[PDB]
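Residue-level structure breakdown
Listed here are the chains, written in short residue letters.
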Amino acid sequence: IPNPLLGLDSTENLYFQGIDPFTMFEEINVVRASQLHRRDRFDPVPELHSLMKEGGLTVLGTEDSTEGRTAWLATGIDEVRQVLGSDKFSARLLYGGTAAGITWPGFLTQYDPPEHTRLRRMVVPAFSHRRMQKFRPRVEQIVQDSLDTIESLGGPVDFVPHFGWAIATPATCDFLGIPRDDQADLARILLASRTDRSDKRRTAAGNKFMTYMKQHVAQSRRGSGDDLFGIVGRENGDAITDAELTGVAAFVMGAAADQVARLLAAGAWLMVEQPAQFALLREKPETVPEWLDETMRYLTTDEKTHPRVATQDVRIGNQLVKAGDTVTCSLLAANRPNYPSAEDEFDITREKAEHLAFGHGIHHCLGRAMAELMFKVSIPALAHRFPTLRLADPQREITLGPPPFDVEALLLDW
Ligand code: HEM
């Protein structure tokens, strides 16, 4: 029971007869974690900076009960690696108890070993570095086409649709063997499923996407294509279900496409804020071999991991994480430990890398090679194409939406 006589926070104050107290505990902690991972331009917000000073693991929130659950945030590099690498944390127990089945087939984030292990191993060959080498000429074409479109239009151009999404959409679709003719409509359907203010219309759009994808999976899984479905289907036969394949494909075209569009937009923004450094990349790329790792570290466009649930009492740093507690990891805090300082500032010439932008442990980014391929093609190509790239209006702040790192618009000229 919140006490609205004492405080002003709307989220904290929500109460009505018959409200679920546990649902409320989980939801306010998600909101708290989210608030902490907004950004101040490229930087952590003061609240996260303050929290980082407290120690490597702090209390996000606690349940009203005697011997109730605690939600923790890990911010120290040591604590984050320890949590994410430990077999004493479950991902699946976040979504239900032991006896609960899988909710979203193919949503790897939701699986624990041994089934996490098997399903990931089944799909891994499609995401390999070798496979990304093969995919590279297509990505190069996608990027040059996007740049041609931008240049043809004339400045100013919004790089969110014309750079982030113009690359992410065809790249993800092509990876899944989606015919060119279908792509614009699917992207439109996905927009409705991600943004429509009506939850009813949001679900109808999601349903429309998932049924297209189920059909596409059935058509493609026994075929001879180099798409994800052909690869995984030919290799695995009936060991992978249509539902599982559909989930993986949907993730790639939905959540993951959004993640890469956001990363590319954040990259283009950094380029216009740090043009002398990116001039070094354009003109002498061999002298800055760690540029990409440093960019990932600085940007950390996925600020935090999904909460993990402790399956037994476990020591994390100083603290005792009790069975049933959750720990959320701040990749942002892990990658920017020295914020603010000269050493934390973006430095394209840095050695040794860091970093944890793609997570850690068994759940670490399956799409790392694909994401890096996209970035490593896109950013240098942008630099060569528009050496004079700049903000159309240098006085206007970039508007950031809710995490993860969400550039809403990026109006650039050259
Ligand atoms: C199209 C490109 C991408 C694909 C296909 C992809 C795919 C995936 C998948 C399937 C997982 C779940 C792995 C598992 O649970 O075993 C994952 C996890 C993760 N990804 Fe990606 N990803 C992409 C881009 C990105 C980008 C741009 C970032 C941010 C830099 C990112 C950051 C992460 C992180 C931090 C995790 C771990 C989450 C956690 O531990 O809770 N990914 N990725």
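Residues numbered from 1 in each chain as written, not as in the entry; some residues may be left out. Heavy atoms only, no water. Residues with missing side-chain atoms left out of burial classes, pairs and counts.

Structure determination for this PDB entry was carried out by X-ray crystallography, with a resolution of 2.10 Å recorded in the header.

Under the annotation held in the PDB entry, the protein carries the name Cytochrome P450 and is attributed to Streptomyces toyocaensis.

1. Observations regarding the UniProt feature "binding site: heme b" (unreviewed entry) in the protein
UniProt records the feature "binding site: heme b" (unreviewed entry) for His116, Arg120, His306, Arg308, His363 and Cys365 in the present numbering. Along the chain, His116 falls in helix α5 (residues 115–123). Looking at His116, the relative accessible area reads 3%, which means it is buried. When residues no more than four places from it in sequence are discounted, the contact partners of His116 are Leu108, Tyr111, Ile362 and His363. Summarising the element assignment, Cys365 is placed in the loop between α14 (331–335) and α15 (368–385). Look at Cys365 and you get partly exposed, because its relative accessible area is 29%. If sequence neighbours within four positions are ignored, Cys365 has contacts with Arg120 and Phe358. (UniProt positions renumbered as here; feature names shortened; annotations may be inferred. Helix = DSSP H or I, 4+ residues; strand = E, 2+ residues; numbered from the N terminus. Buried < 20%, exposed > 50% of the residue type's maximum accessible area, 1.4 Å probe, protein only. Contact = heavy atoms within 4.5 Å.)

2. Topic: helix α10 (residues 228–236)
Where α10 is concerned, the buried positions are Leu228, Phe229, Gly230, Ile231, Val232 and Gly233. Of the surrounding secondary structure, the elements contacted by the buried residues of α10 are α5, α6 (129–153), α7 (159–175), α9 (199–220) and α11 (242–273). The distance from a side-chain oxygen at the start of α10 to the backbone nitrogen of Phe229 is 3.1 Å, and the residue carrying that oxygen is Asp227. Following α10 by one or two positions, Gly237 has its phi on the positive side, about 55 degrees. (Polar contact = N/O pair within 3.5 Å; in protein donor to acceptor, adjacent residues only side chain to side chain.)

3. Section: empty space enclosed by the protein
In this structure, the largest cavity occupies an estimated 60 Å³ of space. Lining the largest cavity, in full, are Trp165, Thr169, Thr172, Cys173, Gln183, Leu186, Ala187, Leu190, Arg194, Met253 and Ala257. Mapped onto the lining of the largest cavity, the elements with two or more residues apiece are α7, α8 (180–195) and α11. By residue class, the composition of the lining of the largest cavity is seven nonpolar, three polar and one charged. (1 Å grid on protein atoms, 1.4 Å probe; cavity = no way out; pocket = protein on both sides within 12 Å on 5 of 7 lines; lining within 4 Å. Points joined across faces, edges and corners; volume = space filled by probe spheres on them. Nonpolar A, V, L, I, M, F, W, Y, C, P; charged D, E, K, R; others polar.)

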